[PDB]
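Trainee: I am attaching a structure below and will ask some questions about it afterwards.
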Amino acid sequence: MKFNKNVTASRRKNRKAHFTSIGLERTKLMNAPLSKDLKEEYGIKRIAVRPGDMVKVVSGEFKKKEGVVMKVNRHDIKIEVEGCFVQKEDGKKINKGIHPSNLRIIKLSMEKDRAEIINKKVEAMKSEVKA
Amino acid sequence: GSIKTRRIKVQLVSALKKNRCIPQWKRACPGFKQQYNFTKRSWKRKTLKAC
Amino acid sequence: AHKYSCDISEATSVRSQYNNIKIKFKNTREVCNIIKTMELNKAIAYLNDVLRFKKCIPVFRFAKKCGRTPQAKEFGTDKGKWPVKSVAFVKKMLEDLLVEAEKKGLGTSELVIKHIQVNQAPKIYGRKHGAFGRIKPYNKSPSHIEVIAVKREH
Amino acid sequence: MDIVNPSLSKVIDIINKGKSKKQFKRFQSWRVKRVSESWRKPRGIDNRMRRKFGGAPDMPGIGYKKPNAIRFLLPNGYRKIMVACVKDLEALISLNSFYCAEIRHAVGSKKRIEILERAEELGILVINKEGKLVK
Amino acid sequence: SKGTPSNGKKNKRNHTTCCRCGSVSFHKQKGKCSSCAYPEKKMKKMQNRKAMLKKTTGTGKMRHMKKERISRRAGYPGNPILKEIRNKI
RNA sequence: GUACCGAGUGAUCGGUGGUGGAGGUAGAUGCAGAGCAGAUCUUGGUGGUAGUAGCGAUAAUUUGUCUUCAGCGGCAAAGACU
RNA sequence: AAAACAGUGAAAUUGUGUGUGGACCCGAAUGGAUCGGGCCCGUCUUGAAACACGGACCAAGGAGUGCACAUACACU
RNA sequence: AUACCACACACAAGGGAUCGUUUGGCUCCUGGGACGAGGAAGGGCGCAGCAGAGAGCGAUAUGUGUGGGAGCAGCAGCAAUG
Ligand SMILES: [Zn+2]
C-alpha cells in the first residue's frame, strides 16, 4: 500500500509521465541488469546500456544470442545488437531493435566517462549504507 | 494598382512568402505526420483584405 | 494481388484486370455483355467493324429512349449504338491477351472469352452553376474491369 | 447423433411430429426493410390486425402454450443444462435420467478433453460432443 | 435594380488596418476603430462574454508576466556581479 | 460479424462451420443519460427518374504541314469580321 | 466547422454466376396448370382505402427527469 | 421473357455501423491568487545548412555561470577542447 498522497496512482497520469519523459528521466529507461560476476567486480546492480558493450538476449526471437551494441534509439526505446537482423525480399538486411529490459550485460564498454559514472554511484550508496 | 502605401506593400510581401507547400525532405522524417499545408491559398478563391 | 470474381485454373487460362479507368460505366457493360462466350479472334474482328460504323453494339438494360437501327437485326432487336471510346479500350485490352497467350505457349486459336465483368468505381466530383443563384452536381462515373479467356477442350 | 431418452423411446416421434412450426412475424415487416421480424403488438386506431379482420394474420397468446410435461424437451427427449467446468458435471449425478449437458461455446480445446473424459465415467450425455474437437 | 446590377458599383473601401489591434476595422472618415475604439485611451466594451475571452491575457505570449513569476520563485536574486548593492539594500 | 440448425405463446436465448485477433460471462443484489418506423425530426451515406433533359445569342470557316501523341496546339496559304 | 487506430468491416445500393417467380402477406397442396381469404400504414375524428395530412431508401442519435414542501399507501 | 423487372444464396464492388482501445474532456476537493512609465496586456515583422504552418527566441535571434553527462529522429556534417 501507498500512504503518500502527493504521488499519483492514475493510469492516465502514469502513462503520460512515461512517454513524455526527457533528459535524465529518459536515461533511466535504458537500464539493464548486470551478470552475477560483474555484480562482484563492481558495486552496481544495473546500468544504462551504451554502444560497444556486450549483451546476452534473454527473451524473444534472438534468445541465447550474444553481441556488441551498435546503436541506442532514445525516441523509440530500442537497442540494436550486432547480428540480430531480418532479410527483405530484396535480400537486404535490416537490424531489428530490442527493448532494454530483455538484455543482460556480459562485458562493459569503459570508453570515456564510464569509470567516473560508476564511481559516482558507488559513493552515493556507501554515504547512506554506513550511516 | 501601381500606387501603394508602405503599409500595404509589407502586407503583400508577407502574404507571398507564406504561400508555399511542405518541403520534400520533411516527409521522410520519422516523427512528421502532416500531409498537405492547409494554409496555402489561390488568388482566384480568396481575398487578402489588404484593400 | 487481386481476387478474381470466379475460379478457373491458372494453366490453360490467361487474365488481366484494371482499376479506376475513366471510361463510362453504363456504356462499358453493354459492350462486355455482347462479347461474352465469343471466340477471341471473332471478338477483335467485330470490334473493328463497330469503329468503322459497319456494325453496332445492341442495348438491353441501359437502353431507354435509344435510337432504332437496321444493324441491330443481327441480334434480334431494333435498338443499337456506337460507343467509340469504350470500344477502343476493350479492343486494346483483348489484343494484349493474344500476346500473353502466344508467349505462354498456348495456341493463338481456340481461345474463348469465358468470364468478363465491369464494376462501378468511386465518383469524381464536379459542379455546374444554375439560375437563381443555385449550384448543382456535375460528376464523373468511372469503372473497374476483369477478363479471363480459356482454351476450348474440343 | 441418433440417440434417445429410454423412458420416451416409443413416444418421441409422436411428440416431435406434434410440435407447431408457426411464426409470428411483425406486421408489415415484409413491406419495409427498416422494420425487423421480431414481434410487437399493433396499437393503431385503424389497424386491421388488432381489430382481427378475417384475412389478417394471427396474434400470439396463451392458448398456443404447450402442455407442461412436453415443454422445454429437446428432440432427443432430454432437457439441457449448461456446463463450463469439471465441477459442474458433479451436479447432474442425480438427474442424468432426464437432463443432458451442453458445454459453453467459449471453453477451449485443451479443457474440453478433460470434460469429456469425466462425462464418460459418470455416464452423462453431452450433446456438443464432436464440437470443435473433430480435427 | 437593387440586386446584381447594383453590385457593380461597389469599388470604394471604408475600413483599413488599425495600428492598435490589427483587425482591418479603422473607419477612415469617422476617425475611429470599430473593434477597439482607437484613438480613445481605453479599449472598447466587448459585446458578450464569448467574444471577450477571445482577446484576454493568456491568448497571446505573456512574455514579461512569465519571467516575473520565475524571478519571484527564485527570490528576486538579480545579476550576480552586483550582489553587494542588493545586500546593502 | 455472417450463413445454417434447435429451444420459448412471446419479448428473446443456445449451439455448429467459415472470418476475426484480444478479451468475456452465469447467480443474487445497487445506481440509471436504460429498448424507436413516423416528429415538412438531426447528422452522414445511397437510389429510381437517366446514358435521359440539356451543353450551340454574337464575326465563319477551309486546305496543307509539323509536332502532339493525338490539343480546329503551332506555322504557311486563302476566306471573313470589329 | 470537419478529421482517432495505415484493426474489425453491418445495412442501403451495384456487377457476375446459379436457382425461383411476374407487387406482396396469411391458410392448404401438386409431376403440373393453382384454389380460398386479404384495399396503406401512422394520426386527429360521430365516421378514413380515401379526391384529409406526414412518409423515396438504410445506419446511428432522438422525448415524464432532478430538488423543495405538505400528502395516502406498502415495508422497518 | 433468350436479354426486362423482382426475390434468395455464393463471389467481387460501395460505404463506414458494431465490438475491442484512449498522452482528451467533465465534476468534486486542496493549494495559489504572483502585471505596467525599470514601457504592460494585445498586435506586427524578422531569426534554421537544406524550413511552409505551428513551437522557441530578438540583429548577442542556442551567450555566461552552476549541477549533471552521450548523443544530435531524415540527408549531409558536428561532439569528453562536452
Ligand atoms: Zn483597433
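For the C-alpha cells, the naming scheme is as follows: chains receive sequential letters (A, B, ...) according to their order of presentation, residues are indexed from 1 within each chain, and ligands are indexed from 1 in presentation order.
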Counting only C-alpha atoms, which residues from chain E have an atom at most 9 Å from any atom of chain B, and could you show them as a list in words?
Mentor: residues 13, 15, 16, 17 and 24 of chain E
Trainee: Output N, CA, C and O atoms for every residue in the selection just made, as a compact mmCIF listing (two decimals), in the first residue's frame.
Mentor:
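Just written: selection32.txt:
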# COMPACT_ATOMS: atom_id res chain seq x y z
N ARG E 13 -13.63 51.64 -50.38
CA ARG E 13 -13.29 50.85 -49.20
C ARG E 13 -13.18 51.72 -47.95
O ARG E 13 -12.24 52.49 -47.81
N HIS E 15 -12.89 50.84 -44.54
CA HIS E 15 -12.05 50.43 -43.41
C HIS E 15 -10.63 50.01 -43.84
O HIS E 15 -10.44 49.42 -44.90
N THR E 16 -9.63 50.31 -42.99
CA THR E 16 -8.24 49.92 -43.19
C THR E 16 -7.69 49.29 -41.91
O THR E 16 -8.38 49.24 -40.90
N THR E 17 -6.44 48.80 -41.97
CA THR E 17 -5.78 48.16 -40.84
C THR E 17 -5.53 49.18 -39.72
O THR E 17 -4.87 50.19 -39.93
N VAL E 24 -8.28 45.35 -39.33
CA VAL E 24 -8.90 45.84 -40.57
C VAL E 24 -10.28 46.51 -40.39
O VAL E 24 -11.16 46.41 -41.25
Trainee: If you run DSSP on the backbone here, which positions in chain D get helix (DSSP H, G or I)? Please write them as a PyMOL selection string.
Mentor: chain D and resi 12-17+62-64+86-94+109-122
Trainee: Just the selected residues (N, CA, C and O atoms), exported as a CSV table (one decimal), in the first residue's frame, please.
Mentor:
chain,number,residue,atom,x,y,z
D,12,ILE,N,-41.4,-40.6,-28.7
D,12,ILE,CA,-40.7,-39.4,-29.1
D,12,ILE,C,-41.1,-38.9,-30.4
D,12,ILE,O,-41.1,-37.6,-30.6
D,13,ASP,N,-41.5,-39.8,-31.4
D,13,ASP,CA,-41.8,-39.4,-32.7
D,13,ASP,C,-43.2,-38.8,-32.8
D,13,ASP,O,-43.4,-37.8,-33.6
D,14,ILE,N,-44.1,-39.3,-32.0
D,14,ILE,CA,-45.4,-38.6,-31.9
D,14,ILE,C,-45.3,-37.2,-31.3
D,14,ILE,O,-45.9,-36.3,-31.8
D,15,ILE,N,-44.4,-37.1,-30.3
D,15,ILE,CA,-44.1,-35.8,-29.7
D,15,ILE,C,-43.6,-34.8,-30.8
D,15,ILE,O,-44.1,-33.7,-30.9
D,16,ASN,N,-42.6,-35.2,-31.5
D,16,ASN,CA,-41.8,-34.4,-32.4
D,16,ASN,C,-42.8,-33.9,-33.6
D,16,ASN,O,-42.8,-32.7,-33.9
D,17,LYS,N,-43.5,-34.9,-34.2
D,17,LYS,CA,-44.4,-34.6,-35.3
D,17,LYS,C,-45.6,-33.7,-34.8
D,17,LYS,O,-46.4,-33.2,-35.7
D,62,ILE,N,-52.0,-17.0,-25.0
D,62,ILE,CA,-51.8,-18.0,-24.0
D,62,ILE,C,-52.3,-19.4,-24.5
D,62,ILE,O,-51.7,-20.4,-24.2
D,63,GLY,N,-53.2,-19.3,-25.5
D,63,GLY,CA,-53.8,-20.5,-26.0
D,63,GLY,C,-52.9,-21.5,-26.7
D,63,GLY,O,-53.1,-22.7,-26.8
D,64,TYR,N,-51.8,-20.9,-27.2
D,64,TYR,CA,-50.8,-21.6,-28.0
D,64,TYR,C,-49.7,-22.3,-27.2
D,64,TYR,O,-48.9,-23.0,-27.7
D,86,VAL,N,-15.3,-29.0,-14.9
D,86,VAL,CA,-15.4,-30.4,-14.5
D,86,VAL,C,-16.3,-30.5,-13.3
D,86,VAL,O,-17.2,-31.4,-13.2
D,87,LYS,N,-16.3,-29.5,-12.4
D,87,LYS,CA,-17.0,-29.5,-11.2
D,87,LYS,C,-18.5,-29.2,-11.4
D,87,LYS,O,-19.3,-29.2,-10.5
D,88,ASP,N,-18.9,-28.9,-12.7
D,88,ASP,CA,-20.3,-28.7,-13.0
D,88,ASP,C,-21.1,-30.0,-13.2
D,88,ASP,O,-22.2,-30.1,-12.8
D,89,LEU,N,-20.4,-31.0,-13.9
D,89,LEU,CA,-21.0,-32.3,-14.2
D,89,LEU,C,-21.4,-32.9,-12.9
D,89,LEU,O,-22.4,-33.7,-12.9
D,90,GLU,N,-20.7,-32.7,-11.8
D,90,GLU,CA,-20.9,-33.2,-10.5
D,90,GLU,C,-22.4,-33.0,-10.0
D,90,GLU,O,-22.9,-33.7,-9.2
D,91,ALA,N,-23.0,-31.9,-10.5
D,91,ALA,CA,-24.4,-31.6,-10.2
D,91,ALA,C,-25.4,-32.5,-10.8
D,91,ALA,O,-26.4,-32.8,-10.2
D,92,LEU,N,-25.1,-33.1,-12.0
D,92,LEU,CA,-26.0,-33.8,-12.8
D,92,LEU,C,-26.1,-35.3,-12.3
D,92,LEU,O,-27.0,-36.0,-12.8
D,93,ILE,N,-25.4,-35.7,-11.3
D,93,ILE,CA,-25.2,-37.1,-10.9
D,93,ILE,C,-26.5,-37.7,-10.5
D,93,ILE,O,-26.6,-39.0,-10.6
D,94,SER,N,-27.4,-36.9,-10.0
D,94,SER,CA,-28.7,-37.4,-9.5
D,94,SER,C,-29.8,-37.3,-10.6
D,94,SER,O,-30.9,-37.9,-10.4
D,109,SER,N,-10.2,-26.1,-26.5
D,109,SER,CA,-9.9,-27.5,-26.8
D,109,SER,C,-9.3,-28.3,-25.7
D,109,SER,O,-9.8,-29.4,-25.4
D,110,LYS,N,-8.3,-27.7,-25.1
D,110,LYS,CA,-7.5,-28.4,-24.0
D,110,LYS,C,-8.4,-28.8,-22.8
D,110,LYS,O,-8.2,-29.9,-22.2
D,111,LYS,N,-9.3,-27.9,-22.5
D,111,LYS,CA,-10.2,-28.1,-21.4
D,111,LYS,C,-11.4,-29.1,-21.8
D,111,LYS,O,-11.8,-29.8,-20.9
D,112,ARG,N,-11.8,-29.0,-23.0
D,112,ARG,CA,-12.9,-29.9,-23.5
D,112,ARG,C,-12.6,-31.3,-23.3
D,112,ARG,O,-13.4,-32.1,-22.9
D,113,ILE,N,-11.4,-31.7,-23.7
D,113,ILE,CA,-10.9,-33.1,-23.5
D,113,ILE,C,-11.1,-33.6,-22.0
D,113,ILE,O,-11.6,-34.7,-21.8
D,114,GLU,N,-10.8,-32.7,-21.1
D,114,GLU,CA,-10.9,-33.1,-19.6
D,114,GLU,C,-12.4,-33.2,-19.2
D,114,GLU,O,-12.7,-34.0,-18.4
D,115,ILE,N,-13.3,-32.4,-19.9
D,115,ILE,CA,-14.7,-32.5,-19.6
D,115,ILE,C,-15.3,-33.8,-20.1
D,115,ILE,O,-16.0,-34.5,-19.4
D,116,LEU,N,-14.9,-34.2,-21.3
D,116,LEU,CA,-15.4,-35.4,-22.0
D,116,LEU,C,-15.0,-36.7,-21.3
D,116,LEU,O,-15.8,-37.6,-21.1
D,117,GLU,N,-13.8,-36.7,-20.8
D,117,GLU,CA,-13.2,-37.9,-20.1
D,117,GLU,C,-14.1,-38.1,-18.8
D,117,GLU,O,-14.4,-39.3,-18.5
D,118,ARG,N,-14.4,-37.1,-18.1
D,118,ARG,CA,-15.2,-37.2,-16.9
D,118,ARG,C,-16.7,-37.6,-17.2
D,118,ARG,O,-17.3,-38.3,-16.4
D,119,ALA,N,-17.2,-37.1,-18.3
D,119,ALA,CA,-18.6,-37.4,-18.8
D,119,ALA,C,-18.8,-38.9,-19.0
D,119,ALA,O,-19.8,-39.4,-18.7
D,120,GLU,N,-17.7,-39.5,-19.6
D,120,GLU,CA,-17.7,-40.9,-19.9
D,120,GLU,C,-17.9,-41.8,-18.7
D,120,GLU,O,-18.6,-42.8,-18.7
D,121,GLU,N,-17.1,-41.5,-17.6
D,121,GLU,CA,-17.1,-42.3,-16.4
D,121,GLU,C,-18.3,-42.1,-15.5
D,121,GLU,O,-18.7,-43.0,-14.8
D,122,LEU,N,-18.8,-40.9,-15.5
D,122,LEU,CA,-20.0,-40.6,-14.7
D,122,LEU,C,-21.3,-41.1,-15.4
D,122,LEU,O,-22.3,-41.2,-14.8
Trainee: Please list as a PDB file with N, CA, C and O atoms, in the first residue's frame every residue within 9 Å of residue 137 (chain C), counting only C-alpha atoms (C1' of nucleotides) and excluding residues in the same chain fewer than 3 positions away.
Mentor:
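around_11.pdb, freshly written:
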ATOM      1  N   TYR C 125     -15.981  14.236 -58.230  1.00  0.00           N
ATOM      2  CA  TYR C 125     -16.969  15.303 -58.066  1.00  0.00           C
ATOM      3  C   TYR C 125     -16.706  16.516 -58.961  1.00  0.00           C
ATOM      4  O   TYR C 125     -15.552  16.866 -59.187  1.00  0.00           O
ATOM      5  N   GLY C 126     -17.791  17.149 -59.459  1.00  0.00           N
ATOM      6  CA  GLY C 126     -17.764  18.399 -60.214  1.00  0.00           C
ATOM      7  C   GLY C 126     -19.028  19.228 -59.991  1.00  0.00           C
ATOM      8  O   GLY C 126     -19.961  18.762 -59.348  1.00  0.00           O
ATOM      9  N   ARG C 127     -19.078  20.445 -60.549  1.00  0.00           N
ATOM     10  CA  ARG C 127     -20.157  21.396 -60.296  1.00  0.00           C
ATOM     11  C   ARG C 127     -20.531  22.166 -61.564  1.00  0.00           C
ATOM     12  O   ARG C 127     -19.664  22.483 -62.379  1.00  0.00           O
ATOM     13  N   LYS C 128     -21.815  22.524 -61.697  1.00  0.00           N
ATOM     14  CA  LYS C 128     -22.275  23.490 -62.690  1.00  0.00           C
ATOM     15  C   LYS C 128     -23.140  24.552 -62.012  1.00  0.00           C
ATOM     16  O   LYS C 128     -23.900  24.231 -61.104  1.00  0.00           O
ATOM     17  N   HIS C 129     -23.051  25.816 -62.454  1.00  0.00           N
ATOM     18  CA  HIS C 129     -23.891  26.876 -61.899  1.00  0.00           C
ATOM     19  C   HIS C 129     -25.217  26.959 -62.642  1.00  0.00           C
ATOM     20  O   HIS C 129     -25.259  26.914 -63.870  1.00  0.00           O
TER      21      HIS C 129
END
Trainee: Find the residues around region 33-46 of chain H up to 7 Å (only C-alpha atoms (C1' of nucleotides) counted), leave out those fewer than 3 positions away in its own chain, and share them as a list in words.
Mentor: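 My list of contacting residues is residues 20, 21, 22, 57, 65 and 69 of chain E.
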Trainee: Could you tell me, counting only C-alpha atoms (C1' of nucleotides) and all ligand atoms, which protein and nucleic acid residues lie no more than 7 Å from ligand 1, written as a list in words?
Mentor: residues 18, 19, 20, 21, 22, 23, 25, 26, 33, 34, 35, 36, 37 and 38 of chain E
Trainee: Could you give me, as a ChimeraX atom specification, the residues within 8 Å of residue 34 (chain D), counting only C-alpha atoms (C1' of nucleotides) and dropping anything in the same chain fewer than 3 positions from it?
Mentor: /D:29 /F:37 /G:58
Trainee: Going by DSSP on the backbone, which bits of region 29-89 of chain C are strand (DSSP E)? Write them as a list in words, please.
Mentor: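 Residues meeting the strand (DSSP E) criterion: residues 57, 58, 80 and 81 of chain C.
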Trainee: Based on the selection just made, write N, CA, C and O atoms of those residues as a PDB file, in the first residue's frame.
Mentor:
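The new file part_2.pdb reads:
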ATOM      1  N   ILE C  57     -23.285  -2.054 -81.419  1.00  0.00           N
ATOM      2  CA  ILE C  57     -23.489  -2.678 -80.119  1.00  0.00           C
ATOM      3  C   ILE C  57     -24.984  -2.621 -79.813  1.00  0.00           C
ATOM      4  O   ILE C  57     -25.542  -1.529 -79.740  1.00  0.00           O
ATOM      5  N   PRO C  58     -25.674  -3.765 -79.610  1.00  0.00           N
ATOM      6  CA  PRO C  58     -27.063  -3.747 -79.155  1.00  0.00           C
ATOM      7  C   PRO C  58     -27.197  -3.437 -77.663  1.00  0.00           C
ATOM      8  O   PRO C  58     -26.249  -3.653 -76.911  1.00  0.00           O
ATOM      9  N   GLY C  80     -29.746  -0.015 -81.031  1.00  0.00           N
ATOM     10  CA  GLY C  80     -28.297  -0.136 -81.079  1.00  0.00           C
ATOM     11  C   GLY C  80     -27.578   1.210 -81.060  1.00  0.00           C
ATOM     12  O   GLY C  80     -28.211   2.249 -81.142  1.00  0.00           O
ATOM     13  N   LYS C  81     -26.241   1.173 -81.021  1.00  0.00           N
ATOM     14  CA  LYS C  81     -25.410   2.307 -80.635  1.00  0.00           C
ATOM     15  C   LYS C  81     -23.961   2.054 -81.061  1.00  0.00           C
ATOM     16  O   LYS C  81     -23.600   0.935 -81.438  1.00  0.00           O
TER      17      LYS C  81
END
Trainee: Quick one: which chain D residues come within 8 Å of chain F, and what is the nearest atom pair for each with the distance in Å to one decimal, counting only C-alpha atoms (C1' of nucleotides), rows ordered by chain and ascending number, as a Markdown table?
Mentor:
| residue | atom | partner | partner_atom | distance |
| --- | --- | --- | --- | --- |
| D:34 | CA | F:37 | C1' | 7.1 |
| D:35 | CA | F:37 | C1' | 6.8 |
| D:39 | CA | F:10 | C1' | 7.3 |
| D:60 | CA | F:9 | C1' | 5.4 |
| D:61 | CA | F:9 | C1' | 4.8 |
| D:62 | CA | F:9 | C1' | 5.2 |
| D:63 | CA | F:9 | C1' | 7.0 |
| D:64 | CA | F:9 | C1' | 5.1 |
| D:65 | CA | F:9 | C1' | 5.0 |
| D:72 | CA | F:7 | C1' | 6.4 |
| D:73 | CA | F:7 | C1' | 8.0 |
| D:74 | CA | F:7 | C1' | 7.2 |
| D:105 | CA | F:15 | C1' | 7.5 |
| D:128 | CA | F:15 | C1' | 7.6 |
| D:131 | CA | F:16 | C1' | 7.2 |
Trainee: Could those residues be written to a file, using N, CA and C atoms, as a short mmCIF file (atom, residue, chain, number, x, y, z; two decimals), in the first residue's frame?
Mentor:
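File produced: selection.cif:
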data_model
loop_
_atom_site.label_atom_id
_atom_site.label_comp_id
_atom_site.auth_asym_id
_atom_site.auth_seq_id
_atom_site.Cartn_x
_atom_site.Cartn_y
_atom_site.Cartn_z
N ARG D 34 -36.68 -1.47 -42.79
CA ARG D 34 -36.35 -0.85 -41.52
C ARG D 34 -37.13 -1.46 -40.34
N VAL D 35 -38.17 -2.26 -40.61
CA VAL D 35 -38.92 -2.95 -39.57
C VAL D 35 -38.45 -4.41 -39.53
N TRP D 39 -41.55 -9.71 -32.85
CA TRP D 39 -42.96 -9.41 -32.59
C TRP D 39 -43.12 -8.12 -31.78
N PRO D 60 -50.00 -13.70 -31.18
CA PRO D 60 -49.65 -14.58 -30.06
C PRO D 60 -50.59 -14.47 -28.88
N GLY D 61 -50.58 -15.51 -28.05
CA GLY D 61 -51.39 -15.53 -26.85
C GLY D 61 -51.34 -16.88 -26.15
N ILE D 62 -51.97 -16.95 -24.98
CA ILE D 62 -51.75 -18.02 -24.02
C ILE D 62 -52.25 -19.36 -24.54
N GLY D 63 -53.21 -19.34 -25.47
CA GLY D 63 -53.84 -20.54 -25.99
C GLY D 63 -52.86 -21.47 -26.70
N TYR D 64 -51.77 -20.89 -27.20
CA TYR D 64 -50.80 -21.61 -28.01
C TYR D 64 -49.72 -22.30 -27.18
N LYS D 65 -49.71 -22.07 -25.87
CA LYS D 65 -48.68 -22.60 -24.99
C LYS D 65 -48.82 -24.12 -24.90
N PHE D 72 -40.07 -27.58 -23.13
CA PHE D 72 -38.62 -27.48 -22.98
C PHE D 72 -37.86 -28.73 -23.39
N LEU D 73 -38.54 -29.72 -23.96
CA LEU D 73 -37.90 -31.01 -24.21
C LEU D 73 -37.22 -30.98 -25.57
N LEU D 74 -35.91 -31.26 -25.63
CA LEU D 74 -35.17 -31.35 -26.89
C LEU D 74 -35.66 -32.54 -27.72
N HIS D 105 -19.77 -22.39 -25.45
CA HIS D 105 -19.01 -22.17 -26.68
C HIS D 105 -17.58 -21.71 -26.41
N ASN D 128 -22.89 -31.62 -27.51
CA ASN D 128 -21.92 -30.95 -28.37
C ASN D 128 -20.64 -31.78 -28.52
N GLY D 131 -18.17 -31.12 -31.50
CA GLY D 131 -17.77 -29.73 -31.29
C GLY D 131 -16.67 -29.27 -32.24
#
Trainee: Please provide as a list in words all residues within 12 Å of residue 154 (chain C), with the sequence filter that same-chain residues fewer than 3 positions apart are discarded (counting only C-alpha atoms (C1' of nucleotides)).
Mentor: residues 109, 110, 111, 112, 150 and 151 of chain C
Trainee: Name all residues at most 12 Å from residue 58 (chain F) (count only C-alpha atoms (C1' of nucleotides); drop same-chain ones fewer than 2 positions away) and give them as a PyMOL selection string.
Mentor: chain F and resi 56+60+81-82
Trainee: Could those selected residues go to a file with N, CA and C atoms (P, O5', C5', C4', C3', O3' and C1' of nucleotides), as a PDB file, in the first residue's frame?
Mentor:
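Final output, result_24.pdb:
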ATOM      1  P     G F  56     -24.516  26.174 -74.898  1.00  0.00           P
ATOM      2  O5'   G F  56     -23.819  25.873 -76.316  1.00  0.00           O
ATOM      3  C5'   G F  56     -23.199  26.988 -77.017  1.00  0.00           C
ATOM      4  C4'   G F  56     -23.902  27.252 -78.330  1.00  0.00           C
ATOM      5  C3'   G F  56     -25.422  27.499 -78.302  1.00  0.00           C
ATOM      6  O3'   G F  56     -25.781  28.701 -79.023  1.00  0.00           O
ATOM      7  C1'   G F  56     -24.867  25.897 -79.950  1.00  0.00           C
ATOM      8  P     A F  60     -21.136  34.002 -88.104  1.00  0.00           P
ATOM      9  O5'   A F  60     -20.208  32.742 -88.459  1.00  0.00           O
ATOM     10  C5'   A F  60     -19.471  32.048 -87.411  1.00  0.00           C
ATOM     11  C4'   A F  60     -18.390  31.203 -88.049  1.00  0.00           C
ATOM     12  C3'   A F  60     -16.938  31.590 -87.741  1.00  0.00           C
ATOM     13  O3'   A F  60     -16.066  30.514 -88.038  1.00  0.00           O
ATOM     14  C1'   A F  60     -17.292  31.815 -90.021  1.00  0.00           C
ATOM     15  P     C F  81     -17.125  40.575 -93.991  1.00  0.00           P
ATOM     16  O5'   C F  81     -17.001  40.895 -92.434  1.00  0.00           O
ATOM     17  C5'   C F  81     -17.995  40.402 -91.515  1.00  0.00           C
ATOM     18  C4'   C F  81     -17.392  40.411 -90.130  1.00  0.00           C
ATOM     19  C3'   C F  81     -17.040  41.794 -89.576  1.00  0.00           C
ATOM     20  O3'   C F  81     -18.181  42.482 -89.052  1.00  0.00           O
ATOM     21  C1'   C F  81     -15.271  40.270 -89.145  1.00  0.00           C
ATOM     22  P     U F  82     -18.295  44.087 -89.152  1.00  0.00           P
ATOM     23  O5'   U F  82     -17.567  44.623 -87.833  1.00  0.00           O
ATOM     24  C5'   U F  82     -18.098  44.258 -86.525  1.00  0.00           C
ATOM     25  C4'   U F  82     -17.119  44.641 -85.436  1.00  0.00           C
ATOM     26  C3'   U F  82     -16.671  46.103 -85.461  1.00  0.00           C
ATOM     27  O3'   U F  82     -17.626  46.887 -84.748  1.00  0.00           O
ATOM     28  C1'   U F  82     -14.794  44.678 -85.189  1.00  0.00           C
TER      29        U F  82
END
Trainee: Dump as JSON lines the rows for residues of chain H within 10 Å of chain C: closest atom pair and distance in Å with one decimal, only C-alpha atoms (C1' of nucleotides) counted, ordered by chain and rising residue number.
Mentor:
{"residue": "H:3", "atom": "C1'", "partner": "C:60", "partner_atom": "CA", "distance": 6.3}
{"residue": "H:4", "atom": "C1'", "partner": "C:61", "partner_atom": "CA", "distance": 7.3}
{"residue": "H:11", "atom": "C1'", "partner": "C:5", "partner_atom": "CA", "distance": 5.6}
{"residue": "H:12", "atom": "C1'", "partner": "C:5", "partner_atom": "CA", "distance": 5.1}
{"residue": "H:13", "atom": "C1'", "partner": "C:119", "partner_atom": "CA", "distance": 6.0}
{"residue": "H:14", "atom": "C1'", "partner": "C:122", "partner_atom": "CA", "distance": 7.7}
Trainee: Between chain H and chain B, at 6 Å or less, what are the per-residue closest atom pairs and their distances in Å? Count only C-alpha atoms (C1' of nucleotides), order by chain and rising residue number, and return it as a Markdown table.
Mentor:
| residue | atom | partner | partner_atom | distance |
| --- | --- | --- | --- | --- |
| H:52 | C1' | B:20 | CA | 5.0 |
| H:73 | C1' | B:30 | CA | 6.0 |
| H:74 | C1' | B:29 | CA | 4.5 |
Trainee: Could you write those residues out with C-alpha atoms (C1' of nucleotides), as a PDB file, in the first residue's frame?
Mentor:
ATOM      1  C1'   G H  52       5.534  26.496 -45.461  1.00  0.00           C
ATOM      2  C1'   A H  73      14.908  11.245 -35.171  1.00  0.00           C
ATOM      3  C1'   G H  74      15.736  12.274 -42.257  1.00  0.00           C
TER       4        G H  74
END
Trainee: Specify as JSON, numbers by chain all residues of chain G found within 8 Å of chain D, counting only C-alpha atoms (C1' of nucleotides).
Mentor: {"G": [24, 25, 26, 37, 38, 42, 58]}
Trainee: Tell me which of C:140, C:22, C:42, C:152 sits closest to residue 95 (chain C), counting only C-alpha atoms.
Mentor: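 Nearest candidate to residue 95 (chain C) out of C:140, C:22, C:42, C:152: C:42.
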Trainee: What does the structure give for the distance between CA of residue 21 (chain A) and CA of residue 49 (chain A), in Å to one decimal?
Mentor: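 These two atoms are separated by 17.9 Å.
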Trainee: So the first atom is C1' of residue 20 (chain G) and the second is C1' of residue 6 (chain H); what is the distance between them in Å, to one decimal place?
Mentor: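 A separation of 10.7 Å between them.
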Trainee: Return the single residue from G:70, G:51, G:17, G:43 that is closest to chain C, with distances computed using only C-alpha atoms (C1' of nucleotides).
Mentor: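 Smallest distance to chain C is found for G:17.
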Trainee: Pull out every residue of chain G sitting within 7 Å of chain C, counting only C-alpha atoms (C1' of nucleotides), and send them as a count of residues only.
Mentor: 3
